[PDB]
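**Q** My structure is below; once you've seen it, I'll send some questions.
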Amino acid sequence: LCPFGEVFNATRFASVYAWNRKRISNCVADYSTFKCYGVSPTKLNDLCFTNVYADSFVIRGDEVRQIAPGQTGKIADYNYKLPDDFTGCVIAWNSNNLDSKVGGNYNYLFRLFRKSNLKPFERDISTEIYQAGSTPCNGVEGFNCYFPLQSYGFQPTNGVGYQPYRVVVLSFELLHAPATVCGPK
Amino acid sequence: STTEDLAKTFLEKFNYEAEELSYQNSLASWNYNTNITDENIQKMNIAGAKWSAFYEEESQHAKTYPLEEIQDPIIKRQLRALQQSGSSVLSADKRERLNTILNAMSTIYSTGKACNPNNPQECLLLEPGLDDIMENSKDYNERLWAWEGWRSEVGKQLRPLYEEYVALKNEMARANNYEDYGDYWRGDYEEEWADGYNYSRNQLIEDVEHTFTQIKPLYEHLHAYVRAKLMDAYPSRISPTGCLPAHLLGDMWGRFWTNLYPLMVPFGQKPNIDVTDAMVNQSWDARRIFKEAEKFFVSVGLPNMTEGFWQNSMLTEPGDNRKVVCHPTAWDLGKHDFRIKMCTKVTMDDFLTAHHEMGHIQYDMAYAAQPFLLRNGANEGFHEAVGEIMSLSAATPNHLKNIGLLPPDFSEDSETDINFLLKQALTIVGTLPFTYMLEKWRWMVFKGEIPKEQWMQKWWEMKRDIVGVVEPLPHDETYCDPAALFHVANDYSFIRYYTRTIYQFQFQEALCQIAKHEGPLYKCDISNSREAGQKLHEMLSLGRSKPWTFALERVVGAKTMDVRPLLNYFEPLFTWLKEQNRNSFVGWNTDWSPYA
Ligand SMILES: *[C@@H]1O[C@H](CO)[C@@H](O[C@@H]2O[C@H](CO)[C@@H](O)[C@H](O)[C@H]2NC(C)=O)[C@H](O)[C@H]1NC(C)=O
Ligand SMILES: *[C@@H]1O[C@H](CO[C@@H]2O[C@@H](C)[C@@H](O)[C@@H](O)[C@@H]2O)[C@@H](O)[C@H](O)[C@H]1NC(C)=O
Ligand SMILES: *[C@@H]1O[C@H](CO)[C@@H](O)[C@H](O)[C@H]1NC(C)=O
Ligand SMILES: *[C@@H]1O[C@H](CO)[C@@H](O)[C@H](O)[C@H]1NC(C)=O
């Protein structure tokens, strides 16, 4: 009665920085790896679905284990963290032959340094040269003063453990938002 | 406001950066030795140019400002390697002679040729003319003229790098900003540190007598065991009771001693086994050998390989104008890319090499979780030295016992064990003795106080002492044969004895002890054993986080080196060899010509 699965068959996945968040309503659906907490994805019909908070990213193959609330890791520290009120799951699948080009794809970034703690779902767009010496760097490369971002370099020849994956994360806030299941009388 | 985190990022960014350069150089190298075209003949100098720029600039960055106040020796050593470098500071006019004597060897070797005495122009390279005589025919003059042709028209063009070296080069390394370079060419193991133990290296060399009192009087018995059993080798010219010959030593540069042993034949007829024809006769097939030699070490609690490796490793020989070195190499492409190339041909060499290759490609992922600066096992010497002992384990009928048609009690009959398959004792150690003065040559010419009465005179006294070589036409001390070693420009190791030599000593003090046999590897179980998996697959991963002595100890139980693996495993023929002959005349007997 409504189209639901736009994000599963997506065309391209954005960078690991710009998150994509959509609001929808009154839709439901059913079913390489899948694992969630609230309820079985096939029997989930027995509960009230209220809020939709969708996102997706690209993560190297092996470190899919780091996407969970209250974990440790550089990628989690600099991109995304989750709170103690965890309600959701992480879905991913391998698309090496679909996302890797023989020449090599080198258009992705990450972060290495910070200055303080970060609240979940926070962004800093500034890319100014990083100073730690007493004498302030006025834009001199090196000497602890550099540029933060760095590429990734994926190829189809890369190994299975480090082959690219497409990452899907769905968050449903258990607020009083409307449901997506009903019937006759 | 601390220097630790100030200097750490400098290490981390380049540790993240170097992966792309390493990967690109790997594909370039593979493309070249697989596809040899004029477009590909030059890959290294252009692919590693960026790597060399990175290395040099970061070396000048880290060198000029040191890291005095750091409190973690593991990290200090880890950044020390790329902290210190050089070889690009000295003046060209004087450093050019040094790099010339180092490098110009390869050019003359590439333009060299050795040929027949009656082949003026049309003739072929060195190897095929002389390497087949001992195994095929009996022709004397062709082998006899070898050293004369060498010394007259093949070894004479190693002099332009010769005459200056032995005359002047001993002292002119004073501007090398180090103690010396022989310490790094044959001594890059002398390192002293902290955290519980201070470790040394000279105990791995000074124990010659200690560790081979049991093998030292072996020439003194073989000198008569030749007449005892090896008579069928060569009569009518070789002295029966005199000295061992030295004008027919066997080869040109004295590498191995395996070209003179297999000449005792008491019988000719036998239903032997062979990879050429007997491969598939007795309930065997050639296609599933790769699957079953996997099963034997994967059914122990490991999962199997995907089809990616299967389609990446094609099973056809090059054959055509496109050709690769049919010798298979465990390609360390990195980034979880492990690949091997081979030729379609069944041989026992092929089986042993394939076994070593799958051992490599299986143990490699144990440390796969570590970042770039730890991409190797405990020691690369083992990764290429254990091929021999795995081949030895493979060459035994445990396979026939495991497939279950010929029962294991079908031991070889008595008259079948004496012919061909009981000579393996000194094949490894027959090349050891003549390397000590070569190893110490720089170690005692670095001083510069040495006089000219001793250049390398010790050779002849060592032969008189242990071996009994009576020197023909002299390649004497004036003719510095060690200075003319062939692999000088190929930067292969000569650091311990030749390569992966002395690190093999103390590790096997308890290998089969853990593999639970009272004695040797014979009847020691490796297959279907639960203890083998937890004895190897979890501990075969060290990294740079812990010193190599901890990895050694966790296997052996002792820090010092011993020789207990040299146990009664070799007894069944030592009981034939070393009891009787302690009376006969060995070596020099004053009945022949010494100078000739
Ligand atoms: C590695 O070896 C084989 C590869 O499939 C597995 O054993 C076989 O598995 C298939 C599929 O499950 C069965 O149909 C066969 O009967 C199995 N053969 C046996 C048990 O002899 C084995 O399980 C694999 N190891 C792992 C950990 O997956
Ligand atoms: C390593 O060898 C040390 C030798 O003496 C030390 O030499 C230098 C490094 C100075 O620090 C000097 O004061 C020292 O006495 C031993 O002292 C040391 O114990 C050895 N290492 C270990 C772990 O025992
Ligand atoms: C599109 O989504 C469906 C939903 O299950 C999936 O089966 C299919 O493989 C996807 N791709 C294509 C090309 O249909
Ligand atoms: C070698 O190069 C030629 C032409 O560049 C190409 O056709 C061939 O496939 C290459 N060899 C391999 C093994 O790919």
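Within each chain, counting starts at residue 1; across the structure tokens, chains are named A, B, ... in the order shown, with ligands numbered 1 upward in that order.
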Taking only C-alpha atoms into account, what are the residues of chain B at most 8 Å from chain A, put as a PyMOL selection string?

**A** chain B and resi 1+6-7+9-10+20+335-337

**Q** Write out as a PyMOL selection string the residues lying within 12 Å of residue A:30, counting only C-alpha atoms and excluding same-chain residues fewer than 3 positions away.

**A** chain A and resi 4-5+27+40-45

**Q** Taking only C-alpha atoms and all ligand atoms and a cut-off of 8 Å, can you tell me which residues surround ligand 2, written as a CSV table (one decimal) with N, CA, C and O atoms, in the first residue's frame?

**A**
```csv
chain,number,residue,atom,x,y,z
B,192,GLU,N,71.6,-4.7,22.0
B,192,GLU,CA,71.5,-4.8,23.5
B,192,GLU,C,70.4,-3.8,24.0
B,192,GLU,O,70.3,-2.7,23.5
B,193,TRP,N,69.6,-4.3,24.9
B,193,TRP,CA,68.4,-3.6,25.3
B,193,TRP,C,68.1,-3.9,26.8
B,193,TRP,O,69.0,-4.3,27.5
B,194,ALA,N,66.9,-3.7,27.1
B,194,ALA,CA,66.4,-3.6,28.5
B,194,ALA,C,65.2,-4.6,28.7
B,194,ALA,O,65.0,-5.6,28.0
B,195,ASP,N,64.4,-4.4,29.8
B,195,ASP,CA,63.2,-4.9,30.2
B,195,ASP,C,63.3,-6.4,30.7
B,195,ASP,O,62.3,-7.2,30.5
B,196,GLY,N,64.4,-6.7,31.4
B,196,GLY,CA,64.5,-7.9,32.1
B,196,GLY,C,65.7,-8.8,31.7
B,196,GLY,O,66.3,-9.4,32.6
B,197,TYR,N,66.1,-8.7,30.5
B,197,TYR,CA,67.2,-9.5,30.0
B,197,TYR,C,68.0,-8.7,29.0
B,197,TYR,O,67.4,-7.9,28.2
B,198,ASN,N,69.3,-8.7,29.0
B,198,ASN,CA,70.2,-8.2,28.0
B,198,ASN,C,70.8,-9.4,27.2
B,198,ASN,O,71.3,-10.3,27.7
B,199,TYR,N,70.6,-9.3,25.8
B,199,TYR,CA,70.8,-10.4,24.9
B,199,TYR,C,72.0,-10.2,24.1
B,199,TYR,O,72.3,-9.1,23.7
```

**Q** Please, which residues have at least one atom within 12 Å of an atom of ligand 3, using only C-alpha atoms and all ligand atoms, listed as a list in words?

**A**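 Answer in the requested format: residues 3, 4, 5, 6, 7, 8, 9, 10, 11, 29, 30, 31, 32, 93, 95 and 98 of chain A.
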
**Q** Could the residues in this selection be written to a file with C-alpha atoms, as a short mmCIF file (atom, residue, chain, number, x, y, z; two decimals), in the first residue's frame?

**A**
```cif
data_model
loop_
_atom_site.label_atom_id
_atom_site.label_comp_id
_atom_site.auth_asym_id
_atom_site.auth_seq_id
_atom_site.Cartn_x
_atom_site.Cartn_y
_atom_site.Cartn_z
CA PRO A 3 6.71 2.07 -1.29
CA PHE A 4 9.13 1.21 1.52
CA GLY A 5 12.56 -0.03 0.41
CA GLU A 6 14.31 2.81 -1.41
CA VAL A 7 17.59 2.58 0.53
CA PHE A 8 18.23 -1.16 0.14
CA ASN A 9 18.67 -0.84 -3.64
CA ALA A 10 20.58 2.43 -3.60
CA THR A 11 22.65 3.86 -6.44
CA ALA A 29 8.18 -4.47 5.12
CA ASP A 30 9.64 -7.90 5.93
CA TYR A 31 12.65 -10.04 5.06
CA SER A 32 24.80 -10.93 3.60
CA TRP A 93 26.32 -6.53 2.79
CA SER A 95 29.24 -5.15 -2.85
CA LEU A 98 29.45 -3.44 -7.66
#
```

**Q** Show me which residues sit within 6 Å of ligand 1 when counting only C-alpha atoms and all ligand atoms, and put them as a short mmCIF file (atom, residue, chain, number, x, y, z; two decimals) with N, CA and C atoms, in the first residue's frame.

**A**
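Listing of pocket-v4.cif after writing:
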```
data_model
loop_
_atom_site.label_atom_id
_atom_site.label_comp_id
_atom_site.auth_asym_id
_atom_site.auth_seq_id
_atom_site.Cartn_x
_atom_site.Cartn_y
_atom_site.Cartn_z
N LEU B 302 39.53 -25.48 11.54
CA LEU B 302 39.71 -24.33 10.67
C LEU B 302 38.71 -24.41 9.51
N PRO B 303 38.23 -23.28 9.00
CA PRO B 303 37.37 -23.31 7.82
C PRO B 303 38.17 -23.19 6.53
N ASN B 304 37.48 -23.41 5.41
CA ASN B 304 38.10 -23.60 4.11
C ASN B 304 38.17 -22.29 3.32
#
```

**Q** Tell me, as a list in words, which residues lie within 8 Å of residue B:154, counting only C-alpha atoms; anything in the same chain fewer than 2 positions away does not count.

**A**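 Those residues are residues 112, 113, 114, 149, 150, 151, 152, 156 and 157 of chain B.
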
**Q** One number please: atom CA of residue B:135 to atom CA of residue B:249, in Å, one decimal.

**A**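 Atom-to-atom, atom CA of residue B:135 and atom CA of residue B:249 are spaced 15.1 Å apart.
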
**Q** Taking the DSSP assignment computed from this structure's backbone, write out as a list in words all residues of stretch 249-395 of chain B that belong to strand (DSSP E or B).

**A**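 So, restricting stretch 249-395 of chain B to strand (DSSP E or B), we get residues 331, 332, 333, 334, 337, 338 and 339 of chain B.
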
**Q** Let's have the selection written as a PDB file, in the first residue's frame, with N, CA, C and O atoms.

**A**
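File selection00.pdb, as written:
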```pdb
ATOM      1  N   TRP B 331      53.338 -14.663  -3.140  1.00  0.00           N
ATOM      2  CA  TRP B 331      53.240 -13.227  -3.364  1.00  0.00           C
ATOM      3  C   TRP B 331      52.641 -12.531  -2.152  1.00  0.00           C
ATOM      4  O   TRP B 331      51.500 -12.799  -1.762  1.00  0.00           O
ATOM      5  N   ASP B 332      53.425 -11.631  -1.567  1.00  0.00           N
ATOM      6  CA  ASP B 332      53.009 -10.812  -0.431  1.00  0.00           C
ATOM      7  C   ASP B 332      52.382  -9.487  -0.883  1.00  0.00           C
ATOM      8  O   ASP B 332      52.732  -8.398  -0.427  1.00  0.00           O
ATOM      9  N   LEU B 333      51.387  -9.611  -1.768  1.00  0.00           N
ATOM     10  CA  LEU B 333      50.708  -8.435  -2.307  1.00  0.00           C
ATOM     11  C   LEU B 333      50.103  -7.558  -1.221  1.00  0.00           C
ATOM     12  O   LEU B 333      49.961  -6.349  -1.430  1.00  0.00           O
ATOM     13  N   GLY B 334      49.748  -8.130  -0.075  1.00  0.00           N
ATOM     14  CA  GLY B 334      49.214  -7.360   1.027  1.00  0.00           C
ATOM     15  C   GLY B 334      47.773  -6.953   0.796  1.00  0.00           C
ATOM     16  O   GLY B 334      47.175  -7.210  -0.251  1.00  0.00           O
ATOM     17  N   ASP B 337      45.565  -9.745   0.058  1.00  0.00           N
ATOM     18  CA  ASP B 337      45.730 -10.295  -1.284  1.00  0.00           C
ATOM     19  C   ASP B 337      46.879 -11.296  -1.240  1.00  0.00           C
ATOM     20  O   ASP B 337      48.048 -10.904  -1.159  1.00  0.00           O
ATOM     21  N   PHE B 338      46.548 -12.584  -1.290  1.00  0.00           N
ATOM     22  CA  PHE B 338      47.545 -13.647  -1.252  1.00  0.00           C
ATOM     23  C   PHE B 338      47.340 -14.530  -2.472  1.00  0.00           C
ATOM     24  O   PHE B 338      46.240 -15.049  -2.686  1.00  0.00           O
ATOM     25  N   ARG B 339      48.395 -14.700  -3.267  1.00  0.00           N
ATOM     26  CA  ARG B 339      48.270 -15.334  -4.571  1.00  0.00           C
ATOM     27  C   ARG B 339      49.537 -16.114  -4.889  1.00  0.00           C
ATOM     28  O   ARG B 339      50.641 -15.716  -4.507  1.00  0.00           O
TER      29      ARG B 339
END
```

**Q** Would you give me, as CSV, each residue of chain B having an atom within 12 Å of an atom of ligand 4, along with its shortest atom pair and that distance in Å to one decimal, using only C-alpha atoms and all ligand atoms and sorting by chain and residue number?

**A**
```
residue,atom,partner,partner_atom_place_in_ligand_line,distance
B:30,CA,ligand 4,13 (C),10.0
B:31,CA,ligand 4,12 (C),7.8
B:32,CA,ligand 4,1 (C),9.2
B:33,CA,ligand 4,13 (C),10.1
B:34,CA,ligand 4,13 (C),6.4
B:35,CA,ligand 4,1 (C),5.0
B:36,CA,ligand 4,1 (C),7.8
B:37,CA,ligand 4,2 (O),7.8
B:38,CA,ligand 4,5 (O),10.8
B:39,CA,ligand 4,5 (O),9.2
B:40,CA,ligand 4,2 (O),9.8
B:312,CA,ligand 4,13 (C),11.7
B:314,CA,ligand 4,13 (C),10.8
B:316,CA,ligand 4,13 (C),11.7
B:317,CA,ligand 4,13 (C),11.6
B:318,CA,ligand 4,13 (C),9.0
B:320,CA,ligand 4,13 (C),11.2
B:321,CA,ligand 4,1 (C),10.6
B:322,CA,ligand 4,11 (N),7.4
B:323,CA,ligand 4,13 (C),9.1
B:324,CA,ligand 4,13 (C),9.7
B:341,CA,ligand 4,13 (C),11.3
```

**Q** Can you list, as a list in words, every protein, DNA or RNA residue that comes within 10 Å of residue B:578 when you count only C-alpha atoms, leaving out same-chain residues fewer than 3 positions away?

**A** residues 214, 215, 217, 218, 220, 221, 222, 571, 573, 574, 575, 581 and 582 of chain B

**Q** Can you write just those residues out, N, CA, C and O atoms, as a JSON list (two decimals), in the first residue's frame?

**A**
```json
[["chain", "number", "residue", "atom", "x", "y", "z"],
["B", 214, "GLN", "N", 80.20, -34.16, 18.28],
["B", 214, "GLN", "CA", 79.61, -35.39, 17.77],
["B", 214, "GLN", "C", 79.68, -35.51, 16.25],
["B", 214, "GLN", "O", 79.39, -36.59, 15.72],
["B", 215, "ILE", "N", 80.06, -34.45, 15.54],
["B", 215, "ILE", "CA", 80.13, -34.47, 14.09],
["B", 215, "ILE", "C", 81.52, -34.10, 13.58],
["B", 215, "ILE", "O", 81.79, -34.23, 12.38],
["B", 217, "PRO", "N", 84.66, -35.58, 14.02],
["B", 217, "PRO", "CA", 85.45, -36.64, 13.38],
["B", 217, "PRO", "C", 84.67, -37.41, 12.32],
["B", 217, "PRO", "O", 84.75, -38.64, 12.27],
["B", 218, "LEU", "N", 83.93, -36.71, 11.47],
["B", 218, "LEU", "CA", 83.11, -37.34, 10.44],
["B", 218, "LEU", "C", 83.85, -37.48, 9.12],
["B", 218, "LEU", "O", 83.66, -38.47, 8.41],
["B", 220, "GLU", "N", 87.00, -37.93, 9.12],
["B", 220, "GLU", "CA", 88.05, -38.89, 9.46],
["B", 220, "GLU", "C", 87.54, -40.32, 9.33],
["B", 220, "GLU", "O", 88.33, -41.26, 9.21],
["B", 221, "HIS", "N", 86.22, -40.50, 9.32],
["B", 221, "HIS", "CA", 85.67, -41.83, 9.05],
["B", 221, "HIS", "C", 85.23, -41.96, 7.60],
["B", 221, "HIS", "O", 85.32, -43.04, 7.01],
["B", 222, "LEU", "N", 84.72, -40.87, 7.02],
["B", 222, "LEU", "CA", 84.29, -40.92, 5.63],
["B", 222, "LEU", "C", 85.47, -41.20, 4.69],
["B", 222, "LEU", "O", 85.28, -41.82, 3.64],
["B", 571, "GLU", "N", 70.84, -41.55, 14.89],
["B", 571, "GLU", "CA", 71.55, -42.74, 15.35],
["B", 571, "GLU", "C", 71.53, -43.93, 14.38],
["B", 571, "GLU", "O", 72.56, -44.61, 14.28],
["B", 573, "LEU", "N", 72.14, -44.68, 11.46],
["B", 573, "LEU", "CA", 73.33, -44.83, 10.62],
["B", 573, "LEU", "C", 74.60, -44.37, 11.32],
["B", 573, "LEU", "O", 75.70, -44.76, 10.90],
["B", 574, "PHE", "N", 74.48, -43.57, 12.38],
["B", 574, "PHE", "CA", 75.66, -43.27, 13.19],
["B", 574, "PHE", "C", 76.19, -44.53, 13.87],
["B", 574, "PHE", "O", 77.40, -44.66, 14.08],
["B", 575, "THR", "N", 75.30, -45.47, 14.20],
["B", 575, "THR", "CA", 75.69, -46.78, 14.70],
["B", 575, "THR", "C", 76.37, -47.64, 13.65],
["B", 575, "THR", "O", 76.99, -48.65, 14.00],
["B", 581, "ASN", "N", 86.27, -46.88, 12.80],
["B", 581, "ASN", "CA", 87.44, -46.24, 12.20],
["B", 581, "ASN", "C", 87.92, -45.07, 13.05],
["B", 581, "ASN", "O", 87.40, -43.95, 12.93],
["B", 582, "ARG", "N", 88.89, -45.33, 13.92],
["B", 582, "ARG", "CA", 89.63, -44.30, 14.62],
["B", 582, "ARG", "C", 91.14, -44.53, 14.51],
["B", 582, "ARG", "O", 91.91, -44.00, 15.32]]
```

**Q** Considering only C-alpha atoms, return as a PDB file with N, CA and C atoms, in the first residue's frame whatever protein or nucleic-acid residues lie within 10 Å of residue B:98, sequence-local ones (same chain, fewer than 3 positions apart) excluded.

**A**
```pdb
ATOM      1  N   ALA B  92      80.501  12.876  -4.485  1.00  0.00           N
ATOM      2  CA  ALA B  92      80.347  11.934  -5.588  1.00  0.00           C
ATOM      3  C   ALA B  92      81.692  11.407  -6.069  1.00  0.00           C
ATOM      4  N   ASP B  93      82.695  12.284  -6.178  1.00  0.00           N
ATOM      5  CA  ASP B  93      83.965  11.897  -6.788  1.00  0.00           C
ATOM      6  C   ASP B  93      84.637  10.747  -6.047  1.00  0.00           C
ATOM      7  N   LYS B  94      84.404  10.624  -4.742  1.00  0.00           N
ATOM      8  CA  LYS B  94      84.997   9.543  -3.964  1.00  0.00           C
ATOM      9  C   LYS B  94      84.012   8.438  -3.614  1.00  0.00           C
ATOM     10  N   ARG B  95      82.719   8.749  -3.502  1.00  0.00           N
ATOM     11  CA  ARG B  95      81.729   7.711  -3.245  1.00  0.00           C
ATOM     12  C   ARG B  95      81.427   6.886  -4.492  1.00  0.00           C
ATOM     13  N   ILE B 101      82.394  -0.495  -6.942  1.00  0.00           N
ATOM     14  CA  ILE B 101      82.820  -1.831  -6.528  1.00  0.00           C
ATOM     15  C   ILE B 101      81.643  -2.598  -5.943  1.00  0.00           C
ATOM     16  N   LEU B 102      80.649  -1.889  -5.396  1.00  0.00           N
ATOM     17  CA  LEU B 102      79.459  -2.581  -4.905  1.00  0.00           C
ATOM     18  C   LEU B 102      78.581  -3.096  -6.045  1.00  0.00           C
ATOM     19  N   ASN B 103      78.345  -2.278  -7.076  1.00  0.00           N
ATOM     20  CA  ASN B 103      77.272  -2.554  -8.026  1.00  0.00           C
ATOM     21  C   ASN B 103      77.727  -3.121  -9.368  1.00  0.00           C
ATOM     22  N   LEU B 161      86.996  -4.221 -10.260  1.00  0.00           N
ATOM     23  CA  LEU B 161      86.548  -3.974  -8.896  1.00  0.00           C
ATOM     24  C   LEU B 161      87.454  -4.624  -7.857  1.00  0.00           C
ATOM     25  N   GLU B 164      91.514  -2.329  -6.519  1.00  0.00           N
ATOM     26  CA  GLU B 164      91.427  -1.209  -5.587  1.00  0.00           C
ATOM     27  C   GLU B 164      90.949  -1.666  -4.212  1.00  0.00           C
ATOM     28  N   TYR B 165      90.047  -2.650  -4.175  1.00  0.00           N
ATOM     29  CA  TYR B 165      89.434  -3.098  -2.929  1.00  0.00           C
ATOM     30  C   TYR B 165      90.495  -3.556  -1.936  1.00  0.00           C
ATOM     31  N   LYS B 169      90.573  -0.150   0.170  1.00  0.00           N
ATOM     32  CA  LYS B 169      89.224   0.128   0.656  1.00  0.00           C
ATOM     33  C   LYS B 169      89.058  -0.184   2.143  1.00  0.00           C
ATOM     34  N   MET B 172      89.057   3.375   4.058  1.00  0.00           N
ATOM     35  CA  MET B 172      88.412   4.590   3.570  1.00  0.00           C
ATOM     36  C   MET B 172      86.915   4.656   3.874  1.00  0.00           C
ATOM     37  N   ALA B 173      86.401   3.797   4.753  1.00  0.00           N
ATOM     38  CA  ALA B 173      85.013   3.882   5.193  1.00  0.00           C
ATOM     39  C   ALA B 173      84.844   4.716   6.457  1.00  0.00           C
TER      40      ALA B 173
END
```

**Q** Compile the contact shell of residue A:155 as number ranges by chain: residues with an atom at most 7 Å away, counting only C-alpha atoms, same-chain residues fewer than 5 positions apart removed.

**A** A: 100-105

**Q** For the contact check between stretch 330-403 of chain B and stretch 505-528 of chain B, emit one row per residue of stretch 330-403 of chain B within 12 Å, containing the shortest atom pair and the distance in Å rounded to one decimal, counting only C-alpha atoms, chain then rising number order, as a tab-separated table.

**A**
```
residue	atom	partner	partner_atom	distance
B:379	CA	B:507	CA	11.9
B:381	CA	B:505	CA	11.8
B:382	CA	B:507	CA	10.1
B:385	CA	B:505	CA	11.7
B:386	CA	B:508	CA	11.4
B:389	CA	B:521	CA	9.9
B:390	CA	B:526	CA	10.7
B:392	CA	B:521	CA	9.8
B:393	CA	B:521	CA	8.3
B:394	CA	B:526	CA	10.6
B:395	CA	B:522	CA	11.6
B:396	CA	B:522	CA	9.4
B:397	CA	B:523	CA	11.1
B:398	CA	B:527	CA	8.5
B:399	CA	B:527	CA	9.7
B:401	CA	B:527	CA	10.8
B:402	CA	B:527	CA	8.9
```

**Q** Dump C-alpha atoms for the selected residues as a PDB file, in the first residue's frame?

**A**
```pdb
ATOM      1  CA  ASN B 379      61.472 -14.391  11.624  1.00  0.00           C
ATOM      2  CA  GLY B 381      64.286 -17.180   8.136  1.00  0.00           C
ATOM      3  CA  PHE B 382      61.728 -19.711   9.348  1.00  0.00           C
ATOM      4  CA  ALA B 385      63.537 -22.569   6.086  1.00  0.00           C
ATOM      5  CA  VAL B 386      60.642 -24.764   7.269  1.00  0.00           C
ATOM      6  CA  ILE B 389      61.115 -30.069   7.220  1.00  0.00           C
ATOM      7  CA  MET B 390      57.569 -29.896   5.853  1.00  0.00           C
ATOM      8  CA  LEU B 392      60.436 -34.250   4.926  1.00  0.00           C
ATOM      9  CA  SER B 393      57.152 -34.735   6.802  1.00  0.00           C
ATOM     10  CA  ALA B 394      55.274 -34.990   3.496  1.00  0.00           C
ATOM     11  CA  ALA B 395      57.662 -37.621   2.073  1.00  0.00           C
ATOM     12  CA  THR B 396      56.330 -40.407   4.312  1.00  0.00           C
ATOM     13  CA  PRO B 397      53.364 -42.802   3.841  1.00  0.00           C
ATOM     14  CA  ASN B 398      51.115 -41.087   6.406  1.00  0.00           C
ATOM     15  CA  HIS B 399      49.102 -40.075   3.329  1.00  0.00           C
ATOM     16  CA  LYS B 401      47.689 -44.506   5.958  1.00  0.00           C
ATOM     17  CA  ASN B 402      45.188 -41.632   6.072  1.00  0.00           C
TER      18      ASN B 402
END
```

**Q** Looking at A:90, A:24, A:147, A:83, which one is nearest to residue A:50, with distances taken over only C-alpha atoms?

**A**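 The shortest atom-to-atom distance to residue A:50 comes from A:24.
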
**Q** Residues of stretch 29-179 of chain A classed as alpha helix (DSSP H) by DSSP on the backbone are to be reported as a PyMOL selection string.

**A** chain A and resi 74-78+96-99

**Q** May I have the selected residues written with N, CA and C atoms, as a PDB file, in the first residue's frame?

**A**
```
ATOM      1  N   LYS A  74      38.457   4.538  16.815  1.00  0.00           N
ATOM      2  CA  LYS A  74      38.698   5.848  16.218  1.00  0.00           C
ATOM      3  C   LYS A  74      37.541   6.272  15.320  1.00  0.00           C
ATOM      4  N   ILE A  75      37.030   5.342  14.508  1.00  0.00           N
ATOM      5  CA  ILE A  75      35.939   5.665  13.594  1.00  0.00           C
ATOM      6  C   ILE A  75      34.688   6.057  14.369  1.00  0.00           C
ATOM      7  N   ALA A  76      34.369   5.313  15.430  1.00  0.00           N
ATOM      8  CA  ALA A  76      33.223   5.669  16.258  1.00  0.00           C
ATOM      9  C   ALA A  76      33.442   7.005  16.955  1.00  0.00           C
ATOM     10  N   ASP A  77      34.654   7.238  17.461  1.00  0.00           N
ATOM     11  CA  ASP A  77      34.942   8.477  18.173  1.00  0.00           C
ATOM     12  C   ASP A  77      34.803   9.696  17.272  1.00  0.00           C
ATOM     13  N   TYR A  78      35.201   9.584  16.003  1.00  0.00           N
ATOM     14  CA  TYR A  78      35.207  10.744  15.122  1.00  0.00           C
ATOM     15  C   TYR A  78      33.983  10.875  14.225  1.00  0.00           C
ATOM     16  N   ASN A  96      31.567  -5.636  -3.407  1.00  0.00           N
ATOM     17  CA  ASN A  96      32.877  -5.333  -3.977  1.00  0.00           C
ATOM     18  C   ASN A  96      32.803  -5.186  -5.493  1.00  0.00           C
ATOM     19  N   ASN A  97      32.227  -6.181  -6.173  1.00  0.00           N
ATOM     20  CA  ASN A  97      32.148  -6.139  -7.628  1.00  0.00           C
ATOM     21  C   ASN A  97      31.229  -5.033  -8.128  1.00  0.00           C
ATOM     22  N   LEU A  98      30.377  -4.488  -7.261  1.00  0.00           N
ATOM     23  CA  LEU A  98      29.448  -3.439  -7.656  1.00  0.00           C
ATOM     24  C   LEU A  98      29.970  -2.043  -7.338  1.00  0.00           C
ATOM     25  N   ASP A  99      30.920  -1.925  -6.411  1.00  0.00           N
ATOM     26  CA  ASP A  99      31.377  -0.626  -5.937  1.00  0.00           C
ATOM     27  C   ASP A  99      32.855  -0.363  -6.191  1.00  0.00           C
TER      28      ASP A  99
END
```

**Q** Please, what distance in Å, to one decimal, runs between atom CA of residue B:106 and atom CA of residue B:487?

**A**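 So the two atoms, atom CA of residue B:106 and atom CA of residue B:487, lie 8.8 Å apart.
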
**Q** Can you list, as JSON, numbers by chain, every protein, DNA or RNA residue that comes within 8 Å of stretch 350-359 of chain B when you count only C-alpha atoms, leaving out same-chain residues fewer than 5 positions away?

**A** {"B": [293, 294, 328, 329, 330, 340, 345, 386, 387, 390, 391, 394]}

**Q** How far is it from atom CA of residue B:501 to atom CA of residue B:549, in Å with one decimal?

**A**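 Rounded to one decimal, the two atoms are 16.8 Å apart.
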
**Q** Under the rule that only C-alpha atoms are counted, which of B:225, B:86, B:423, B:210 is the nearest residue to residue B:577?

**A**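 Among the listed residues, the smallest separation from residue B:577 belongs to B:225.
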